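Read from first to last, the chains carry the letters A, B, C, D, E and F; within each, the first residue is number 1.
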Amino acid sequence: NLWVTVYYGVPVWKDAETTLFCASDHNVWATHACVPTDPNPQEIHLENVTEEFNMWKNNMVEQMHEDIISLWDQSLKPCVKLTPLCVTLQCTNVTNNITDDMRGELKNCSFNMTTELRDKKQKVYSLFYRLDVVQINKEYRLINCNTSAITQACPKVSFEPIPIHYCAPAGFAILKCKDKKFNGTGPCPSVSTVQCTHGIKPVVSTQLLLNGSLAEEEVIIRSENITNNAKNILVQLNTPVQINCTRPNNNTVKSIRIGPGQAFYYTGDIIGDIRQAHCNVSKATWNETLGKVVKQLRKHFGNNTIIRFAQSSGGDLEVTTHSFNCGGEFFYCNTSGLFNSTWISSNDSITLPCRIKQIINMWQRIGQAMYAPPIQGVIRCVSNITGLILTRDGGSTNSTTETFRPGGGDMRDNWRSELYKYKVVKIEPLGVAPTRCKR
Amino acid sequence: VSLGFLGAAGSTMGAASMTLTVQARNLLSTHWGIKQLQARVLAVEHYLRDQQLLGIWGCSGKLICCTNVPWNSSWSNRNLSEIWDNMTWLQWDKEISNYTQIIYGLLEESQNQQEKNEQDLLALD
Amino acid sequence: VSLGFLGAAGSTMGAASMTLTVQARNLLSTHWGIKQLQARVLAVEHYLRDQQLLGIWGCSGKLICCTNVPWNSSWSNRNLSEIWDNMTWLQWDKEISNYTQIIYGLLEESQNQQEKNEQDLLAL
Amino acid sequence: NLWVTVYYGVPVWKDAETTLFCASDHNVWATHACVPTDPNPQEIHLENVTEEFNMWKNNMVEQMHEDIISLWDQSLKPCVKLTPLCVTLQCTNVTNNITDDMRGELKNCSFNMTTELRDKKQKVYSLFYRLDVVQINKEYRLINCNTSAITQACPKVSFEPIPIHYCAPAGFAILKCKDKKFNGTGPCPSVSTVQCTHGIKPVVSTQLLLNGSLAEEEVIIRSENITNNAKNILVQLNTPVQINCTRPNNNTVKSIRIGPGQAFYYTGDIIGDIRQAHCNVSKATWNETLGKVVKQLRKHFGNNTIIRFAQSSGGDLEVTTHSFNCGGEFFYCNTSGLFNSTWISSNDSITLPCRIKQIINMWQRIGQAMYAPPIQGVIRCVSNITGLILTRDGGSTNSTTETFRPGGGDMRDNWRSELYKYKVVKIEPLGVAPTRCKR
Amino acid sequence: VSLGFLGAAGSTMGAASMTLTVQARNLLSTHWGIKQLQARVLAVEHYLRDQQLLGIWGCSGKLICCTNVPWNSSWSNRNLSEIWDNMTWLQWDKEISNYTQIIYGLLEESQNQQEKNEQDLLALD
Amino acid sequence: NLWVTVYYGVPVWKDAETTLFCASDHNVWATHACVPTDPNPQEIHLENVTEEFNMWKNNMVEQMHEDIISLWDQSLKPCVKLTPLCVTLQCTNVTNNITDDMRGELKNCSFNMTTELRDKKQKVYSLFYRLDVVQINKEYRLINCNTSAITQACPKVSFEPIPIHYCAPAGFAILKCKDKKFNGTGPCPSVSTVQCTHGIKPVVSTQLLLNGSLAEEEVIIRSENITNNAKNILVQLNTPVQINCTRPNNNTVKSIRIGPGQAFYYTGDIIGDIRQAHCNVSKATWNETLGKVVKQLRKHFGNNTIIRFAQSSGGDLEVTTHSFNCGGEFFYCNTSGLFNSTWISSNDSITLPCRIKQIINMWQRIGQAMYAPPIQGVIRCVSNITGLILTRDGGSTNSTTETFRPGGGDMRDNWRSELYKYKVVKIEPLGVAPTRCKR
């Protein structure tokens, strides 16, 4: 003979999707628009709570993706349009002081540019990197004058990633998985509750993930479905591999007015000789890293199978090559020097040649191009490789040899890689249970 | 010492009944203003929906409220020792999820009858 | 069977008073984003204004609340049989809309005096 | 000796204006911005409730009007501007295969158009309808170059009306009048409550109202003041009249780039003979329909009154003809063939010649012109005439004859026609009454 | 002969306590539009935060609420005639500002124990 | 043996910063999107309440400043972009009927302007005021063609100030200081509570503040730090000084089309002779006014020092000269004729010559210019000088003489001058106190 008793403040929850807001602490991400952070953020351990996580169905990724794109675009609104640049260019090769690796990489183009006054014209000479220039028939045009408008990125706004914290609204909570070696889809036996995520840097790259989180103990291999060759494999490393990238040519940057308060920046000249951009990966470190990756792959593919790595399969430069933003320049580095080996049961460096491109089309969109102003001087950056994106090279008639190639291009994978440990739930404080209390 | 916001999750139902203020106190606590503003509006909206039910059921000022609706064994055929000592609130919520709409309807009905009866008794003097 | 949201309208006051939970439960239930937010905020604001008055009058937890303010025949001199059986709430609202502000002021005053008296008694 | 008792949840309401929101279930109504509809919409009957309605003072009409215009404008923002077309055109007559229905209607124009590069021009030939083109002195210009910018409508966005449901916010309700033959201004003895209206198709037309609701039993004559000759009369029919419209000429549509990702669409040629656009109305059906309308008018004007119909009095095509959007083309049909009879106490049809116009100034605004790109192929559409907009002309000391003419052009009349049965009220749940209960 | 919204400010605490409804009734009473909308939301949020506290302390239905928490001479070593007759509420707020969190914590704790005790007594009957 | 009693509705508050909203009883300052005011606003007196006010830390000033700038910019969005005017101008002097004082002030310029059709040009003649035209080698360009775009102010929108009331949101209140002769930073013994401020006209000027609120009894001198010569001094007069400003030339305004839907306005010619704009200040009134100011300044500077006034020190016209908007025209008046005297222990007037400028750069911004269209006819206005901005220039360490010069240009000072008596506070209705009541 029991009665219903109503309780409010009951510690239960349901899976939920909601709007998360940005918290943070002259940048693309407009971090001044984000909520100041708590210097002493909370995290509480939940004893005896097991919660299912699924990183592949995690809406937080989708929402982060949309926010990054929107911030990107807002930051290009108050900038110079380069419409006046879609003219016929008269171009010759830059061959004075070059190495052979750069032969045919740069072109010296002249054109009739507008001036502050609309009844005047000026002759301008500038250098281009070839990837940005296409022949029309010495007559060239910028590569995108038949598909998109070009906006010059503002020279005062940094492209250096700044950590972003995602925060739940009141009534919601973010659960975090603390289970070391968690792969992203099973039940997580050890969880905690947090107010906001840790800071995540929106680093943009393909193939090799840079400046992310490391695995706690061992390389962790995660995929939506490991036996489905149509899926990407995200490999989280348990130690960084250092990569050193440079653009060695000393660039002199010039600026002209093309309109009423509208300046255009371009490479004027090069001091010293002309050499290619490149990245260095320590060779011994890279070989140890692959050995760890191969060992973990064997656990899913079989006893004494053969694992080989191969270069990318082809297609657009943006996915066949390792793209990244270093010093503000956009690099496209060839990784065939890394993914070329067969694994069956010193202190030199691996040099990866790189190309530089100024007309950029991010997020795989068409119709919105950006022009990256050249940067004065010589560029060097050092970064950590914290993970890989790999794909299986189709299937086979039980050949017993598996092949993996670098993959990427879908930005949601980079963010999924960092957000894999978080889940959003809705708090449901009201509930009932029987007892002996009547009224 | 105290536990944090969901610290009692995983504790038994009995033990967790002692942290109700911990959870209650955290409710309500260009375009980038639209997301924040929607988030704020939504937190308020959800809060009020729950308060509205407590009002209707006659539990408006309480964290723990006893009503006059008897428990039907068909909703959960368990004894008190088992429910309060060997279960967590998450487990309980799953077990009786189907019956919450029924229970809520009964709570609303009981309170409405009670209010009418009180009105009549006061007039009857 | 039950009536829908305003299904009691048109029934007499004495019948309609039994459906109060039906109506109570439906309260709170680019630019266009702004337009939609305004609609939601407004629903909340109206809800809270009514709850605030119930609070002030000492009716915060009830759908039916009896007070200590006497009824003045000057507002209406109809007998109870006529009011509760031969009138609807819409008709009633029209009949006494001119005295609503007066009544509300009296309810606020009465409750304030009652709270003070309770405070004094509990100090003995 | 009675006491005041407070009741909350009292079923009363009072007239109110508020903000209503859109529910709907690629196009100009941005329906993705609306919420899903209630799959099981409720409607409740209110026994013994009599409410007053006034369709002429109904704020829902004004709000629908504003929403439609705003949605319309938003759909044109991300589209190609046609500023470069304000050039002198060199135009001659199309005389190739003319059936003399269109003698001189089309003109063959040529001009020097911009290209992807700003230093290159191209010669373009295209056809126009002599409504869109005005002589300047063989030299012509587009008609809107001296008043507005012209924007090309996006070819990917449909103009086909989609039912829209208006929904009240919580705390508000929409009352619906179910009284058959209700004229819109008196008390309505039979009402019901809904949260959302039925879906209303935002069909835009003049003189004849297409694809609306039908009268339940008999033709209904609705007006703000029937004896006031300054008011429009809305007529709701109790049976549809079918109208079949066509643009028989088979158009070949060409496209050129006029700038960096900026495409312009135009009619290149006509494959067969050139014939006028036209609409067919069954003659017998039309004659029966008018007889019903006249009978109902007699109830207001007298049993010895002669009722005659005449064509429109004059003004711009937007008010003198029946305009509509058929397949995406904009038609201006001459209705003098319908409104020509005197009423005093087979299987053929009425053919209405129609003109086609590409540069459209909607909502009677100045400064915002739309260019409707031509549609490839041959167009046919079939629609229902569900109501009419008439005006009563003249006046007299004493006369026996009244004259009615097609009217309208004020879009709020079309929406008023569909929304005539809905009213918005605010719920007022708190109130008091005397009783015997004290405390 | 009433005072306006803050008209009692400056009067003594024992006088100002008679205008609590005056102050209570005024609570809750182009990107140029968001300005206004945020202000409306904020007013609601503040109102609800105060209501949440009255709720958890067991004072939800009243302007004047007596509790079971004793007053500590540490918080304020004053006699009642001094507090109620020679001080305004503004002065009082300053005098005990550093102890309000202590007091709030105690009020919350007392109410939680009280609700549990009521539940047990009803179960015994 | 006392208990804690909780009270709600306690009349206490804290200093606070919040968002205030616009309220107000075709114009630059929006009224159409501002909240309608209370025709009979309340104000209550608080007996025995003393509050600390600090006008220099008053957030209301910063917020008003941002609102005025944002409204200003919004009013210029739907207007003509005069991009086509940055052309080489061929200019000669206007010599027809020139008073000696204006030789060199007007220039007769001609240029090839665009027109409705893009393949045509038109020759245009217009007059300019020199300050807005710069020589480029008879060849001139508009002054801002190397820094900014020019937006023509819409001719239909008035620049006349309309008083704006700032209102607190619920939960907040505005306290007002009624203490006559309050200097803005000390305790104020007499305060009242309002929900909205009085109406404040957003009058924009430098050096002399026009059309403000006068001191109740005596001239009041206020500054953040009176002995700090880096701070400005605001002087509030207790009597207005009337100033009569004119632009005597009779201007004939012309309009041409520069593109589809876009008209440009300019001065065509002048009827009658050319005389300069000027302002008249009653001489006797001005001498009495300074005597009052000096007497009050003396309270901070011995009793017996010499106080002298001098003209501005130099810098841009915006700060060296008195600027205001009269009739919609923009004037820059020379005040050296006012601030030129030494004070030691007749129906005449002072005439201040004024310059006119059409290319305006307000709020000290760079990159956003406005073109003020000319006004047809002759302009006259009468204003009330209600206050002054002085700078106690000279970092003198040993002197018996102090020098004051006109200052200003930072608009927050004018608003601060009007808002000095208001403070925003948050109401904190919940509190506790000991009583003898237990339960």
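FYI, a residue touches a chain if its C-beta (ideal position, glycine included) is under 8 Å from a C-beta of that chain, and two chains touch if they have at least 3 such contacts.
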Chain at maximum distance from subunit F, centres defined as averaged CA atoms: B
Contact-richer chain pair [C-F vs C-E]: C-E
Subunit B-subunit D separation of Cα centroids, rounded to whole Å: 52
For subunit A paired with subunit B, centre-to-centre distance based on mean C-alpha positions, whole Å: 45
Between subunit B and subunit F, centroid-to-centroid distance (C-alpha), Å: 59
Separation of subunit A from subunit D, taking each centre as the mean of its C-alpha atoms, in whole Å: 50
Where subunit D touches two or more other chains at once, by residue number: 5, 435-439
Subunit B residues counted as touching two or more neighbouring chains: 17, 20-21, 24, 27-31, 34, 37-38, 40-41, 44, 47, 60-64, 66, 119, 122
Chain-to-chain touches, reported pairwise for every pair that qualifies: A-B, A-D, A-E, A-F, B-C, B-D, B-E, C-D, C-E, C-F, D-F, E-F
Residues of subunit D that touch subunit F when the two form their complex: 83-84, 86-88, 112, 141, 144-150, 367
Touch list for subunit E against partner subunit F, complex: 3-11, 13, 16-17, 19-24, 26-33, 35-36, 38-40, 42-43, 46-47, 50, 53-54, 57, 59, 62-71, 76, 80, 83-84, 88-90, 92-93, 96, 100, 103, 106-107
Residues of subunit E that touch subunit C when the two form their complex: 18, 20-21, 24-25, 27-29, 33-34, 37, 40-41, 44, 47, 60-64, 66
Residue numbers on subunit F that touch subunit E, as the complex places them: 1-13, 18-22, 30, 33, 35, 42, 44-49, 70-71, 74, 169-171, 173, 193, 427-439
Subunit D-facing residues of subunit F, complex: 116-120, 257, 259-261
